[PDB]
Structure formats: C-alpha cells, structure tokens
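Undergrad: Got a file for you: input02.cif, mmCIF, C-alpha atoms.
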data_final
loop_
_atom_site.group_PDB
_atom_site.id
_atom_site.type_symbol
_atom_site.label_atom_id
_atom_site.label_comp_id
_atom_site.auth_asym_id
_atom_site.auth_seq_id
_atom_site.Cartn_x
_atom_site.Cartn_y
_atom_site.Cartn_z
ATOM 1 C CA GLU A 1 -38.077 0.139 -55.966
ATOM 2 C CA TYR A 2 -41.722 0.088 -57.086
ATOM 3 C CA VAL A 3 -44.794 -1.221 -55.293
ATOM 4 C CA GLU A 4 -48.351 -1.904 -56.497
ATOM 5 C CA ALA A 5 -51.549 -0.757 -54.715
ATOM 6 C CA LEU A 6 -53.946 -3.576 -53.829
ATOM 7 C CA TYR A 7 -56.618 -1.450 -52.146
ATOM 8 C CA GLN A 8 -58.087 2.066 -52.630
ATOM 9 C CA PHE A 9 -56.548 4.621 -50.265
ATOM 10 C CA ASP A 10 -58.706 7.790 -50.246
ATOM 11 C CA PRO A 11 -56.554 10.786 -49.234
ATOM 12 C CA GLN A 12 -57.834 13.053 -46.460
ATOM 13 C CA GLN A 13 -54.898 15.255 -45.537
ATOM 14 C CA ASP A 14 -52.621 17.427 -47.613
ATOM 15 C CA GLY A 15 -49.458 15.420 -48.342
ATOM 16 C CA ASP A 16 -51.283 12.079 -48.627
ATOM 17 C CA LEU A 17 -50.789 10.136 -51.874
ATOM 18 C CA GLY A 18 -54.133 8.704 -52.945
ATOM 19 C CA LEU A 19 -54.025 5.194 -54.414
ATOM 20 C CA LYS A 20 -56.346 3.110 -56.633
ATOM 21 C CA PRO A 21 -55.822 -0.625 -56.953
ATOM 22 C CA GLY A 22 -53.299 -1.407 -59.696
ATOM 23 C CA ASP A 23 -51.402 1.900 -59.310
ATOM 24 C CA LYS A 24 -47.596 1.375 -59.394
ATOM 25 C CA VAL A 25 -45.763 3.715 -57.050
ATOM 26 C CA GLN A 26 -42.101 4.656 -56.960
ATOM 27 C CA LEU A 27 -41.041 3.986 -53.359
ATOM 28 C CA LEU A 28 -38.952 6.948 -52.172
ATOM 29 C CA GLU A 29 -38.609 6.211 -48.423
ATOM 30 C CA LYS A 30 -39.915 3.715 -45.903
ATOM 31 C CA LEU A 31 -40.815 6.182 -43.113
ATOM 32 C CA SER A 32 -41.870 3.408 -40.678
ATOM 33 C CA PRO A 33 -43.452 -0.056 -40.921
ATOM 34 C CA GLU A 34 -46.759 1.730 -41.313
ATOM 35 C CA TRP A 35 -46.204 4.742 -43.627
ATOM 36 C CA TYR A 36 -44.275 5.012 -46.911
ATOM 37 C CA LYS A 37 -43.391 8.038 -49.085
ATOM 38 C CA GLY A 38 -43.725 7.583 -52.843
ATOM 39 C CA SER A 39 -44.688 9.000 -56.222
ATOM 40 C CA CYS A 40 -47.369 7.910 -58.697
ATOM 41 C CA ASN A 41 -48.497 9.529 -61.935
ATOM 42 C CA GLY A 42 -46.719 12.791 -61.099
ATOM 43 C CA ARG A 43 -48.002 13.089 -57.483
ATOM 44 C CA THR A 44 -45.761 12.716 -54.390
ATOM 45 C CA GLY A 45 -46.949 11.966 -50.838
ATOM 46 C CA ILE A 46 -47.396 9.446 -48.074
ATOM 47 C CA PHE A 47 -49.608 6.411 -47.794
ATOM 48 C CA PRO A 48 -49.986 3.433 -45.430
ATOM 49 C CA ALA A 49 -47.653 0.525 -46.216
ATOM 50 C CA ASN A 50 -50.349 -2.156 -45.960
ATOM 51 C CA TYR A 51 -52.156 -0.777 -49.092
ATOM 52 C CA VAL A 52 -49.358 -2.127 -51.362
ATOM 53 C CA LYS A 53 -47.304 -5.182 -52.418
ATOM 54 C CA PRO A 54 -43.896 -5.512 -54.136
ATOM 55 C CA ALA A 55 -43.727 -4.913 -57.880
ATOM 56 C CA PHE A 56 -40.063 -4.445 -58.838
#
Please, can you express the file's structure as structure tokens?
TA:
Amino acid sequence: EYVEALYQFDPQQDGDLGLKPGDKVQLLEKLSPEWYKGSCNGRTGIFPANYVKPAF
C-alpha cells in the first residue's frame, strides 16, 4: 500500500517522517487512526494520517 502526501509535514522529533506534498510513501503500519508508519525516499518514520490520501 502507498499513500500520497497532500500537505507539508515538518518533522520535529527524531523518528518523524517529514513529508512534502506529492511525496508517495510506502505504508508500513497503521499505528492508529491518527499516526501511520511509512517509508519515503529511503527514510522511515511516523507521520499523521491526515497529511495523506490513497495512491495504490
């Protein structure tokens, strides 16, 4: 499963996966309704679920 970032998430804590709009992210785990774990361009971390939409 892959998702696409719609909004810029600026990371603030170690383990956060920063996102720029258009970035496609491999979804590794849905931790809760509010936080996902994923990978993008070689980086792995967590990000809020409402920054992204389905891609494939």
Undergrad: Starting from the shown file, work through the PyMOL selection byres ((chain A and resi 20) around 12) and note down what comes out as an NGL selection string.
TA: :A and (4-11 or 17-19 or 21-25 or 40-41 or 47 or 51-52)
Undergrad: Give me, please, the distance in Å between CA of residue 1 in chain A and CA of residue 16 in chain A, quoted to one decimal.
TA: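 Computing it gives 19.3 Å between the two atoms.
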Undergrad: To one decimal place in Å, what is the distance between CA of residue 15 in chain A and CA of residue 55 in chain A?
TA: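 So the two atoms, CA of residue 15 in chain A and CA of residue 55 in chain A, lie 23.2 Å apart.
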Undergrad: So, counting all atoms listed in the file, which residue among A:30, A:45, A:54, A:36 is closest to residue 12 in chain A?
TA: A:45
Undergrad: Would you work out the distance separating CA of residue 34 in chain A from CA of residue 14 in chain A, expressed in Å to one decimal?
TA: 17.9 Å
Undergrad: I need the output of the PyMOL selection byres ((chain A and resi 27) around 7) for this file as a list in words; which residues are they?
TA: residues 1, 2, 3, 25, 26, 28, 29, 37, 38 and 39 of chain A
Undergrad: Please rebuild range 24-46 of chain A with N, CA, C and O atoms and return the result as a short mmCIF file (atom, residue, chain, number, x, y, z; two decimals), in the coordinates of the input.
TA:
data_model
loop_
_atom_site.label_atom_id
_atom_site.label_comp_id
_atom_site.auth_asym_id
_atom_site.auth_seq_id
_atom_site.Cartn_x
_atom_site.Cartn_y
_atom_site.Cartn_z
N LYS A 24 -49.00 1.66 -59.73
CA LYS A 24 -47.60 1.38 -59.39
C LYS A 24 -46.92 2.67 -58.95
O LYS A 24 -47.01 3.69 -59.61
N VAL A 25 -46.24 2.58 -57.81
CA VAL A 25 -45.76 3.72 -57.05
C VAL A 25 -44.26 3.57 -56.90
O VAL A 25 -43.77 2.50 -56.54
N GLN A 26 -43.53 4.64 -57.20
CA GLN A 26 -42.10 4.66 -56.96
C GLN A 26 -41.90 4.84 -55.46
O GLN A 26 -42.34 5.82 -54.91
N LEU A 27 -41.24 3.89 -54.80
CA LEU A 27 -41.04 3.99 -53.36
C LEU A 27 -39.83 4.85 -53.08
O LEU A 27 -38.70 4.48 -53.46
N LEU A 28 -40.04 6.01 -52.45
CA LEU A 28 -38.95 6.95 -52.17
C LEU A 28 -38.30 6.71 -50.80
O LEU A 28 -37.06 6.78 -50.66
N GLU A 29 -39.12 6.45 -49.79
CA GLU A 29 -38.61 6.21 -48.42
C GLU A 29 -39.59 5.36 -47.62
O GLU A 29 -40.82 5.54 -47.70
N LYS A 30 -39.07 4.41 -46.85
CA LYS A 30 -39.92 3.72 -45.90
C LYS A 30 -39.84 4.49 -44.59
O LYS A 30 -38.86 4.36 -43.86
N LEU A 31 -40.85 5.30 -44.31
CA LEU A 31 -40.82 6.18 -43.11
C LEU A 31 -40.87 5.39 -41.79
O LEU A 31 -40.23 5.75 -40.81
N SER A 32 -41.70 4.34 -41.78
CA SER A 32 -41.87 3.41 -40.68
C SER A 32 -42.53 2.14 -41.27
O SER A 32 -42.82 2.09 -42.48
N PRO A 33 -42.75 1.11 -40.43
CA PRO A 33 -43.45 -0.06 -40.92
C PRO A 33 -44.82 0.30 -41.46
O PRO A 33 -45.38 -0.48 -42.24
N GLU A 34 -45.37 1.43 -41.03
CA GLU A 34 -46.76 1.73 -41.31
C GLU A 34 -47.05 2.80 -42.36
O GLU A 34 -48.14 2.80 -42.91
N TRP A 35 -46.09 3.68 -42.63
CA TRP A 35 -46.20 4.74 -43.63
C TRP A 35 -44.98 4.77 -44.54
O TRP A 35 -43.82 4.75 -44.04
N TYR A 36 -45.25 4.80 -45.85
CA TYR A 36 -44.28 5.01 -46.91
C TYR A 36 -44.48 6.37 -47.61
O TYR A 36 -45.61 6.90 -47.64
N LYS A 37 -43.40 6.88 -48.20
CA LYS A 37 -43.39 8.04 -49.08
C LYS A 37 -43.14 7.55 -50.52
O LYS A 37 -42.24 6.76 -50.78
N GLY A 38 -43.93 8.03 -51.46
CA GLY A 38 -43.72 7.58 -52.84
C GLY A 38 -44.31 8.55 -53.85
O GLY A 38 -44.84 9.59 -53.47
N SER A 39 -44.16 8.21 -55.12
CA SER A 39 -44.69 9.00 -56.22
C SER A 39 -45.45 8.10 -57.20
O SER A 39 -45.07 6.95 -57.42
N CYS A 40 -46.53 8.64 -57.75
CA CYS A 40 -47.37 7.91 -58.70
C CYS A 40 -48.03 8.91 -59.64
O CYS A 40 -48.69 9.82 -59.18
N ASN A 41 -47.85 8.72 -60.93
CA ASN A 41 -48.50 9.53 -61.94
C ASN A 41 -48.28 11.02 -61.67
O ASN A 41 -49.22 11.81 -61.78
N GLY A 42 -47.06 11.39 -61.29
CA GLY A 42 -46.72 12.79 -61.10
C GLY A 42 -47.00 13.38 -59.72
O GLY A 42 -46.60 14.50 -59.45
N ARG A 43 -47.69 12.63 -58.85
CA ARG A 43 -48.00 13.09 -57.48
C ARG A 43 -47.04 12.46 -56.47
O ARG A 43 -46.69 11.28 -56.60
N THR A 44 -46.66 13.22 -55.43
CA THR A 44 -45.76 12.72 -54.39
C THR A 44 -46.45 12.90 -53.02
O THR A 44 -47.01 13.94 -52.75
N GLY A 45 -46.42 11.86 -52.19
CA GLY A 45 -46.95 11.97 -50.84
C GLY A 45 -46.77 10.68 -50.06
O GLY A 45 -46.02 9.78 -50.48
N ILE A 46 -47.50 10.57 -48.96
CA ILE A 46 -47.40 9.45 -48.07
C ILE A 46 -48.68 8.63 -48.07
O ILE A 46 -49.78 9.15 -48.31
#
